[PDB]
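Next up is one chain by itself, shown in structure tokens, the form deposited in one PDB entry.
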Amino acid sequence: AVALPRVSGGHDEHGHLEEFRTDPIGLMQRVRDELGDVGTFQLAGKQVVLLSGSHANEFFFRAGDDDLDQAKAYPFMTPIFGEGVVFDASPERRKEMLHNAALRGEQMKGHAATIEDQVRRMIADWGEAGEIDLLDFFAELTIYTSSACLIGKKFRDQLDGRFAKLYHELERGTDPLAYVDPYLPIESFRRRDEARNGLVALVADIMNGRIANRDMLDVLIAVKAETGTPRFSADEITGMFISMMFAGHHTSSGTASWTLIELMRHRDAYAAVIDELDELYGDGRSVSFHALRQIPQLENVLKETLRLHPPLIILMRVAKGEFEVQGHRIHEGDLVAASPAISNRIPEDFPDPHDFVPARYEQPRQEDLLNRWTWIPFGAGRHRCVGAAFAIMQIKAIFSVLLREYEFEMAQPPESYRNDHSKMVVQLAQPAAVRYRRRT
């Protein structure tokens, strides 16, 4: 019956939702600044209990779904999974099935080689010098890396830029209004639905083309119902493929962009990384060898990039019961959140938190490992990212190629590179123009 502390503002139609669209990080920081480790904001009808700091975060992260349910806490995903089911099982098991085969350790070497090949294909027409836009380049690249590694090379070879453009529109269909209802009649939700239909059509075209001529798609095409009719539709297959690719796409795209941006903004780190790559690859071993092993300067740059630019800025649960955190009572049904954007910059935990300091992660310091509940770009505890090893290998593979072949410079002011945080799926804003030139 007692209400939790509530952050200032929130006087718009849907409470704090309008501000959560326009400046979610400022809102979440204001919750912490005004209220401390436990505070709330209103997302339309829903109260969000935002936790921060090590103690409250530990509660959040160590909770299992019996206490804090993650399954229903990201409703923007519902229209993405859609209605089709290919492999019928419990929600939890269907989730395992999306990723686990491809994430097996024994598959990593092959993925690193695949990723290398995709990067070389993407830069094949670059020539001596030119300009790219980071969102256009990395969003497309990571469609190819994600499809080739998760679904198969044969399938990726039938994809082109159209798939990437449509997938982007799908990701843009994640407005926080989805906590109201992900099927509301707003333009971005409409464009999401149209884009999903376009992706189904691309897959149908691929399926039809193959009939007239044994990757995962071949297997699924061949499955017959009792009468001989094919068991699976293009919609069912497409829904599964879209869902298999989703977690790794926006995160790899953004993380690659921000890793390159931070390298360009910090040319001392960039120089150190180049030297390290040149020396390491001087043993003559392939990217499929090195991307699975230590590349310390690059890895520390990546860790610091993830600290400053975590691709998921808020993590969500639905409380399944009542809990007390620092004397504040969370009630059944409450949305409960933790924020990597805020936690990753707590000044007690990360000295000079707004500064890019890859040395934070060197062996004597290890600020990532020390701050178990507040260095959280991959989450922590029960639901810690199962894709982290893959994601880190992929950055190492991508930059092993890019940084040895080309030199990069910012074509716009360094301060002008920024994210669009208006959707639950964060994307780099445009323009993000960058010059390249072949290394001599």
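Superpose the two forms; the largest set of C-alphas matching within 1.5 Å is the rigid core. So that there is no doubt, residue numbering starts at 1 and follows the sequence shown.
- Of the other structures of this protein that model both sides of residue 351, every one gives it coordinates; not a third omit it.
- In the record comparison, residue 254 is modelled in each of the other entries of this protein that model the residues flanking it, with no third of them omitting it.
- Missing coordinates between residue 213 and residue 214 amount to 4 to 9 residues of the deposited sequence.
- The PDB entry records a higher mean C-alpha B factor for 73-81 than for its counterpart among 73-81 and 362-370.
- The mean C-alpha temperature factor is higher for 11-19 when 418-426 and 11-19 are set side by side.
- Looking at 126, 144, 87, 356, the one whose CA carries the top B-factor in the deposited record is 87.
- Among 247, 335, 180, 139, the highest C-alpha B-factor in the deposited entry belongs to 180.
- Among the modelled residues of its chain, residue 350 has a C-alpha B-factor that falls in the lowest third, as given in the PDB entry.
- Residue 258 sits in the lowest third of its chain by CA B factor, as recorded in the PDB entry.
- Ranked by C-alpha B-factor against the other modelled residues of its chain, residue 281 falls in the middle third.
- In the deposited entry, the Cα temperature factor of residue 201 places it in the middle third of its chain's modelled residues.
- Among all modelled residues in this chain, the alpha-carbon of residue 62 has a temperature factor (C-alpha) in the middle third.
Below, we turn to the form deposited in another entry, even though it does not appear here.
- Measuring CA movement between this form and the one not shown with the rigid core aligned, the set 271, 223, 370, 359 has one residue at 2 Å or more: 223.
- Relative to the superposed core, residue 138 undergoes a Cα shift smaller than 2 Å between this form and the one not shown.
- Comparing the forms between this form and the one not shown, the C-alpha position of residue 208 differs by 2 angstroms or more, with the core used for superposition.
- After superposition on the rigid core, displacement of the C-alpha of residue 232 between this form and the one not shown amounts to 2 Å or more.
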